[PDB]
Amino acid sequence: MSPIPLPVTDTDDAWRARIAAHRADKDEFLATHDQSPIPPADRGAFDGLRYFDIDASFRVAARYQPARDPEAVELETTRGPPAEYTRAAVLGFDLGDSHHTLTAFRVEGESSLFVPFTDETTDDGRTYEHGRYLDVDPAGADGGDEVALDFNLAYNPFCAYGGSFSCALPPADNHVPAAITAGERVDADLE
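We count residues from 1 along each chain, following the written sequence rather than the entry's numbering, and we skip any residue without coordinates. The side-chain quantities take in all heavy atoms of the structure and omit both hydrogens and water.

Per the deposited record, determination of this structure is attributed to solution NMR.

The title given for this PDB entry is "Solution NMR Structure of the uncharacterized protein from gene locus VNG_0733H of Halobacterium salinarium, Northeast Structural Genomics Consortium Target HsR50".

Q: Describe the overall build of the protein chain, with residues and values.
A: Where helices and strands are cited, they refer to DSSP runs of H or I of at least four residues and of E of at least two residues respectively, numbered from the N terminus. Helix and strand counts for the protein chain stand at three helices and eight strands. Reading the helices (α) and strands (β) of the protein chain from amino to carboxyl end gives α-α-β-β-β-β-β-α-β-β-β. The C-alpha atoms of the protein chain give a radius of gyration of 16 Å, which matches the 16 Å a tight globule of 191 residues would have. In terms of overall dimensions, the protein chain has a C-alpha envelope of 50 × 40 × 35 Å along the principal axes. Each of the 191 residues in the protein chain was classed as buried or not, and the buried ones make up 41%. Note on contacts: a residue pair qualifies if any of its non-hydrogen atoms lie within 4.5 Å across the two residues. Residue pairs at least 24 apart in sequence account for 64% of intrachain contacts in the protein chain once pairs closer than 6 positions are excluded. Each accessible area value is a Shrake-Rupley result obtained with a 1.4 Å probe; residue values ignore everything except the protein chains displayed when judging cover. With the model as given, the accessible surface of the protein chain reaches about 10,500 Å², and the carbon-plus-sulfur share is 46%. Charge centroids of the protein chain, computed over 15 positive and 36 negative side chains, lie 2 Å from each other. Each radius of gyration is computed over the set of C-alpha atoms, and the globule rule expresses the reference value as 2.2 Å times the number of residues to the power 0.38. In this scheme, a residue with accessible area under 20% of its type's maximum is buried, one over 50% is exposed, and one in between is partly exposed, where area comes from a 1.4 Å probe on protein chains only. Residues scored as positive are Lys and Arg, those scored as negative are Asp and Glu, and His as well as the terminal groups of each chain are ignored. To locate a charge, take atom NZ for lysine, CZ for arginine, CG for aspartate or CD for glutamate.

Q: Could you give an account of the pattern of salt bridges, with specific residues and numbers?
A: Here, a salt bridge means any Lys or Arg side-chain nitrogen found within 4 Å of an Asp or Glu carboxyl oxygen. Tallied over the entire structure, the rule returns eight salt bridges. Between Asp 119 and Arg 132 there is a salt bridge; the shortest N-O distance is 2.9 Å. Placement of the pair is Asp 119 in the loop between β5 (110-117) and α3 (120-123) and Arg 132 in strand β6 (residues 132-136), with a sequence separation of 13 residues. The exposure class assigned to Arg 132 is buried, which follows from its relative accessible area of 2%.

Q: Describe the packing of aromatic side chains, and please don't skip the residues or the numbers.
A: Note on aromatic contacts: the rings of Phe and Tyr and the six-membered ring of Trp form a pair at centre separations within 6.5 Å, being stacked when their planes are under 30 degrees apart, edge-to-face when over 60 apart, and tilted otherwise. For the structure on display, the rule yields six aromatic pairs. Taken together, a centroid distance of 5.5 Å and an interplanar angle of 40° make the contact between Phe 29 and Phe 158 tilted. Separated by 129 residues along the polypeptide, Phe 29 in the loop between α1 (12-28) and α2 (40-44) and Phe 158 in the segment after β8 (154-155) bring together distant segments of the chain. For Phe 29, a relative accessible area of 23% gives the class partly exposed. Counted as over-ring charges are cases with an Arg CZ or a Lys NZ within 6 Å of the ring centre that also lie within 35 degrees of the ring normal. Against the face of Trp 15 rests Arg 59, its NZ or CZ located 4.9 Å from the ring centre.

Q: Quick one: what's the story with the nonpolar core, residue by residue and with numbers?
A: A general feature of soluble globular proteins is that nonpolar side chains tend to end up buried together. Here, the term nonpolar core denotes a set of buried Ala, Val, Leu, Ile, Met, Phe, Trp, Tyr and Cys residues that are joined through side-chain atoms within 4.5 Å. Within the largest apolar cluster, 27 residues are counted, with the highest numbers of intra-cluster contacts made by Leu 91, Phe 93, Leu 95, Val 115, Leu 134, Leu 149 and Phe 151. Contributions of two or more residues to this core are made by β1 (59-66), β3 (83-95), β4 (98-107), β5, β6 and β7 (145-150). If you tally residues by element for this core, the top one is β3, at five residues. If we skip the residues at most four places from it in the chain, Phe 151 touches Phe 58, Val 60, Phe 93, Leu 95, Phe 117, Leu 134, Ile 180, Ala 182 and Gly 183. Counting residues in hydrophobic clusters, the runner-up holds nine residues, among them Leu 49, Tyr 128, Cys 159 and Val 186.

Q: So what's going on with α1? Which residues, and what values?
A: Here the expected length of a helix is defined as 1.5 Å per residue gap, with one fewer gap than residues. Under the 1.5 Å per step criterion, the end-to-end length of α1 is 24 Å for 17 residues, consistent within 8% with the ideal 24 Å. For α1, the complete set of buried residues consists of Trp 15, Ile 19, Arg 23 and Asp 27. Within α1, the buried residues cover an arc of 115° as seen down the axis, which keeps them to one side. Contacts made by the buried residues of α1 are with β1, β7 and β8. Here, the arc refers to the directions that run from the helix axis to the C-beta atoms.

Q: An account of unusual backbone geometry is needed here, citing residue identities and associated values.
A: Even without being a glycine, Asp 10 presents a positive backbone phi close to 25°. Here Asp 10 lies in the segment before α1. The backbone of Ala 139 sits at a positive phi, close to 55°, despite the residue not being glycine. Mapped onto the fold, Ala 139 is located in the loop between β6 and β7. The class of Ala 139 is partly exposed, set by a relative accessible area of 28%.

Q: I'd like a rundown of the side chain of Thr 118, residues and numbers included.
A: Turning to its location among the elements, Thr 118 is positioned in the loop between β5 and α3. Judged by relative accessible area, which is 13%, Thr 118 ranks as buried. With sequence-adjacent residues up to four places away left out, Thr 118 is seen in contact with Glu 129, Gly 131, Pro 170, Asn 174, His 175 and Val 176.

What follows is the structure, given as structure tokens:
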């Protein structure tokens, strides 16, 4: 907008606070709220969701380029009919062995961008193999600015909890040739 997006990680106090509050949200949402119920067997054994240590190394700075021509694309779902998401942005970053460019979609009413992507750890099945969601703050950025891709906040669809929801299966172009060990872990056993 006016300053180049960079304090998108606010301060590390408020970044850690973001993560703690966001996982506390993903902790209580399916346990207390009826909108996404965990199956009564697993919900009875509910102690709390997975928390990984705040990973600064998996928080990379990604060169923000908004979709100059934003359109509704069809992502496949395990739920049934495919889910249309509008192209909000594309983030150009480097990780592991390779530089990649990752597609950020718009969720209606949500200010945070939904990035469905895959990598070597999802291919390994010990993170959500059908795809990861990333909550990316645009901070009103434009072509040639940057935003923080904190992969530590690469989360899993609510299907992983034993529910039947819509997981936006991304194109193969959203696959990174790297293992992103920080996230919420999942298993082909569960999901």
